[PDB]
Amino acid sequence: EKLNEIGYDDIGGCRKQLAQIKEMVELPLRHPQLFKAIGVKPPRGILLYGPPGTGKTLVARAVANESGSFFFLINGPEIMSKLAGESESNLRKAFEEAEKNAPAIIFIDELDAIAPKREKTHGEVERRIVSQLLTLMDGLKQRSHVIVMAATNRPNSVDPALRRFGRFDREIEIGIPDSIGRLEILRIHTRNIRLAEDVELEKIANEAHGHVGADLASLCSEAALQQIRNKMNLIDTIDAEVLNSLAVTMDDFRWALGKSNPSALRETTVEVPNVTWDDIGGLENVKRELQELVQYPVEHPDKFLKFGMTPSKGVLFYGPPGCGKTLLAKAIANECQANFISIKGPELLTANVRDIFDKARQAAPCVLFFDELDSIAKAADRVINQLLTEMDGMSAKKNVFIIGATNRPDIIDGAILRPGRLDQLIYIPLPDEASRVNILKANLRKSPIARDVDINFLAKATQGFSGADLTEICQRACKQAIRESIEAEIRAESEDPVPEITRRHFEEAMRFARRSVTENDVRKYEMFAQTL
Amino acid sequence: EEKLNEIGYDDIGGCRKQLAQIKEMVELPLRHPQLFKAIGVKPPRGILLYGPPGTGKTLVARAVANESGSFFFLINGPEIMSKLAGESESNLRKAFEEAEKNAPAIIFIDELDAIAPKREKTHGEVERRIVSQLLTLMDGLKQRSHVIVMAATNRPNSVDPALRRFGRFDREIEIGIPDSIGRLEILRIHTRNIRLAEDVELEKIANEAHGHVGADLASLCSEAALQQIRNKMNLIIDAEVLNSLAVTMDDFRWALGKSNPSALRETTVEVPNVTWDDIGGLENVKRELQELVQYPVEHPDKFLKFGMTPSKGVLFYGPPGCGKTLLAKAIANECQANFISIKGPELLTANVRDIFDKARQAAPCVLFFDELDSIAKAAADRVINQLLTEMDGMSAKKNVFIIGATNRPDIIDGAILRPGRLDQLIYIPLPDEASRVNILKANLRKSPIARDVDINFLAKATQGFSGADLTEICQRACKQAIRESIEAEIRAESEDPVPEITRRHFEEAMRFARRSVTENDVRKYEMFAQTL
């Protein structure tokens, strides 16, 4: 009933992948004439992979319902819970019924349950089931309009034989949703819940980092439970008056979000960052160099082809700590609308390097950032060799730009800086007056500031201060404001006095203002620049 | 049925030497047995075809069977291993019996590793029984019976060692990554039923499709056709639209850009297309390399007459960026000898023996070990001992020349330099005027330079610049050209000004040109030469 009405509007968090799968399945199964005319082979093996709870179990059924095709479902656990022969019989019957009712889609949920890695199987019956699956997969004639889709947590957990060139040759990753995907999921799940007029789902979506569809559903459930808690406890069968006055409020959603333990906080996020140049300032020389390196290839490839010269895909930022190299990488990615992948040294020290580079390849225009590079370059030997091998194997014609940041340029292994891997070095110095002004405005954007506090004088006063120092100054001013508010409220209770951060807060925070970079360190960096 | 029984040597691409070998080896004995029997040639019993997936080794056996007119029986590993305990053995026996009944015949075992994996991988008792039955059947083929058993595996090491003995599987052929000509042949095969436009030059697509196998090229063609469908149908099924479809070159380049080949990491064994002119080179080095490599291959009779076996070990040493790899490629090209390139990081990441065996398979081959200092230096111990053992084990009568390149000649362990291992040390210095002119011309071959630009003056100005420095100068000139062109386009829009790299561009690019090799390093190398 309800299953046969699931469509593209009932799946959220995957809109690019959904368009891919639409082009890849629906059009072949609706107008085969054109595809067979021009000679396009429709796919036969589609493997959807990603973190759990992402809604990839509904994609197959949505495609089947929208394309008008028959749908057959194989649950791995259900097949593997039967006897030695009944599992084989059920797989064969599934494929036969799919062929008899063509066009059709066969969905194998939890393929790793049926066909795990060859070394994870200890008996012969399981190997027989894997071999039966392979034999059935190869037996699908090209003419027969049967598409086999499968879902797994990771593609490495599946038997390597299944990922060959005629069995499962298309792979799609349905990963963690971005902010827009989170908002779509929230709208889908709150369709039957009665929200209050003050509910602004956009802000809940933006603050729900590392949430998947299941996590957001649990968040909505917790918010509704909090609303019931309050109302029913204060109005403790339940009378009809209360049941009609229940509407979730933004306070409930914030309470739920604060106490929510999302299941995907440790997964790499591939998205276009929302950091602009106005939040970092930056020397105009750096902006020009980074645009020439990361934007001209992506926006004007025709001119590079015309002059016949391949751009370099490597940059090394070096400079005092806290000067904002990560923000610069994010900003250059944002300008070109390219994805951003951030990897820290500690994460690498904790195989995987190839996975990161493959993920970068999948996102065609991507800025891959290796923060704290000195910890990897001069366990260290293995990771450094793997990184060198991967960088050498990255085609210069593919738009994957590698940026590494190091605070100790003199200790980095020379092999990293050899031409072809990371040949270009950029020096990020301490911010100048305008850059400090922009940094200060960026930090204070979200806070209520007094109409007399002038950011220009604070910038003029702060010289030799890194971005971290300015952030600390702002934090200290806000802490003083909060203390004053607490004290004023307590005194009023004993008998808003502080509506915004005044000037006294700022010159009291600036009393203990310590520059974190000494002139000796700046001279050391300048000397390293001169030697270059 | 008819389609399968009508595929021949013209429907397989990417393997033209191996097909000739298999043709001589199988088809002639099975067509004119009397001649081979009279002379005393024993036709082979076991042919094992190995290589990366997607190459086309699955169709080779059928092509041989169809062109020779011999009966063909197919055995699928997954299909045999998906049956019950006794049914698998019954099927193998029936296959061999039917092959013997109808002779001559060819038995193809696809995925032999499925039936006969390494004994360690096998755990059960039925699997070992299947392997033993296969061995017994193979040994039961009388020399008179005209049955040839071909098999296919990804890597021969994955097969049970017992099968690779004499009399069971004694012939081994490798169907590796296709070269440019093979890629063009595959593209022609796959584009037979696709309407191509008049601007489609498949040769360029073949040349730029590095790391592709037959399946990858098929997917590339499919993506190009799908892009054509997108472009035409997005505005727009009407008959005129269907008849007005023709894949264009832009679609092919889009597909190539978005393609992720599956064989990007496999070693390539081919004759490089780098000539002496591209590198420049000194007459002394060219003459020495000719004596060392070309003379043994082209004139072995004279070496036999004078009765002195040639040494086959060279160590190039010189400042970085001087073009040692290009020298190795050029010497390989002149003699039409294959080229295998191994980098130190790849080795650091059992495989040494495989590399040397692969070199041995290619009769004239130049085995190049770049960055030798990483391995050999006064993990490391194991690799260096394996390298020394394999080098001592190479007969001086086989044409496998080993060239190693090092930027730090004084760190190499003396064992590598002992006579009989790498005994000819050659010094590649910084290029002179003519070499610099050649380097500059080679770098600017693919870009439109202006008529006023004179490479002779550019070479005169640049002295002490390594090859990398000249390449960087050309890169900077091109980058300035791109910047000027983009700015001119923007100014025109606001309302081809730069169709060539002018001389102001080179003058500006040479402002920051910095020599990468100090005179101290050159003197250090000269001192090492004197001590030698």
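Just so you know, all these numbers are worked out from the coordinates, no wet-lab data involved. Because the Cβ atoms are built from the backbone with ideal geometry, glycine has one as well, and the counts that use them run over all protein chains shown.
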Handout entry: Over the protein assembly as shown: helical MRE at 222 nm, DSSP H runs n ≥ 4 each giving -39500 (n - 2.57), nearest 500
Key = -14000 deg cm²/dmol
Handout entry: Two-site label geometry, residue A:310 and residue B:1: point separation in nm, points 7 Å out along Cα→Cβ
Key = 5.1
Fill in the blank from the handout: Sorted by chain and then number, the residues having a modelled amide H within less than 5 Å of the amide H of residue B:72, at least 5 places away or on another chain, are B:106
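Treating only the Cβ atoms of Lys and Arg (+1) and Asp and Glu (-1) as charged, compute the dipole magnitude of the range B:13-86 about its Cα centre; round to the nearest 20 debye. All intermediate terms of the calculation are to be shown ahead of the outcome.
Working: 10 positive and 4 negative charges, 31 e Å.
That gives a dipole near 140 debye.
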Exercise for the section: Select from B:41, A:437, B:438 the residue farthest towards the positive end of the dipole of the protein assembly as shown; place +1 on Cβ of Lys and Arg, -1 on Cβ of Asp and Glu, and compute about the Cα centre. Expected result: B:41
Handout entry: Karplus-derived 3J(HN,Hα), 6.51/-1.76/1.60, for each residue of the range B:95-100, Hz, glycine and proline x
Key = 4, 5, 5, 5, 5, 5
Practice task
Step through the table entries B:286/B:441; A:203/A:446; A:306/B:232; A:330/A:359, compare each Cα-Cα distance with 23 Å, and write down the pairs that go over it.
Solution key: A:306/B:232
Practice task
Could you work out the mean projected area of the convex hull around the alpha carbons of the range A:42-156, in square nanometres to one decimal?
Solution key: 7.2
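Decide, for chain A, between rounded, prolate and oblate: order the square roots of the alpha carbon gyration tensor eigenvalues as a ≥ b ≥ c, take rounded if a/c falls under 1.5, and otherwise choose prolate if a/b is larger than b/c, else oblate.
Details: a/c = 2.37, a/b = 1.33, b/c = 1.78.
Note, shape of chain A comes out oblate.
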Handout entry: Translational diffusion coefficient (Stokes-Einstein; Kirkwood radius from C-alpha pairs) of the range A:1-90 at 10 °C, 1.306 mPa s, in µm²/s
Key = 105
Practice task
Positive end of the charge dipole of the protein assembly as shown (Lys, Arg +1 and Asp, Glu -1 on Cβ, about the Cα centre): tell me which of B:424, A:385, B:104 has its Cα farthest that way.
Solution key: B:104
Exercise for the section: Pick out, from A:329, A:304, A:270, the residue whose Cα sits farthest towards the positive end of the charge dipole of the range A:257-354, with +1 on the Cβ of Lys and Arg and -1 on the Cβ of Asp and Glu. Expected result: A:270
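Is the shape of the range B:417-471 best called rounded, prolate or oblate, per the rule: a/c under 1.5 gives rounded, else a/b larger than b/c gives prolate, else oblate, with a ≥ b ≥ c the square roots of the Cα gyration tensor eigenvalues?
Taking the square roots of the gyration eigenvalues as a ≥ b ≥ c, the range B:417-471 is prolate.
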Practice task
Take a quick pass over the range A:43-176 and tell me how many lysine pairs come in under 20 angstrom between Cα atoms, counting only ones 8 or more apart or on separate chains.
Solution key: 4
Practice task
Under a cut-off of 18 Å between alpha-carbon atoms, report the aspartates and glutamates in cross-link reach of residue B:305, not counting same-chain residues fewer than 8 places apart.
Solution key: B:291
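How big is the dipole moment of the range B:266-357 about its Cα centre under a simple scheme where the beta carbon of each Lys and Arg is +1, that of each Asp and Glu is -1, and everything else is neutral? Debye, nearest 20, please. Before the final figure, lay out the partial values.
On the way: 9 positive and 13 negative charges, 63 e Å.
Dipole of the range B:266-357, to the nearest 20 debye: 300 debye.
From the square roots a ≥ b ≥ c of the eigenvalues of the alpha-carbon gyration tensor of the range B:112-228, which class results: rounded (a/c under 1.5), prolate (a/b over b/c), or oblate? Can you show the working numbers first?
Details: a/c = 3.26, a/b = 2.51, b/c = 1.30.
Judged from the Cα gyration tensor, the range B:112-228 comes out prolate (a/c at least 1.5, a/b above b/c).
Using the structure shown, select from B:377/B:524; B:37/B:398; A:22/B:204; A:303/A:397 the pairs with a Cα to Cα distance greater than 23 angstrom.
On the way: B:377/B:524 18 Å; B:37/B:398 31 Å; A:22/B:204 32 Å; A:303/A:397 13 Å.
Violating the 23 Å Cα-Cα cut-off are B:37/B:398; A:22/B:204.
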Exercise for the section: Work out from phi, with θ = phi - 60° and the Karplus expression 6.51 cos²θ - 1.76 cosθ + 1.60, the ³J(HN,Hα) of each residue of the range A:457-466, listed in order in whole Hz, and give x for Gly and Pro. Expected result: 5, 5, 5, 4, 6, 8, 9, x, 8, 6
Fill in the blank from the handout: On each of the three principal axes the extent of the alpha-carbon atoms of the protein assembly as shown, given in whole Å and largest first, is 121, 88, 62
Handout entry: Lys, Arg +1 and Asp, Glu -1 on Cβ, resulting dipole of chain B about Cα centre, debye, nearest 20
Key = 1740
Practice task
Excluding residues on the same chain fewer than 8 positions from residue A:16, give the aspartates and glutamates whose Cα lies under 12 Å from its Cα.
Solution key: A:173, A:178
Completion exercise
Filtered hits (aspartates and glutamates, Cα-Cα < 14 Å from residue A:344, offset >= 8 within chain) -> A:267, A:371, A:372, A:374
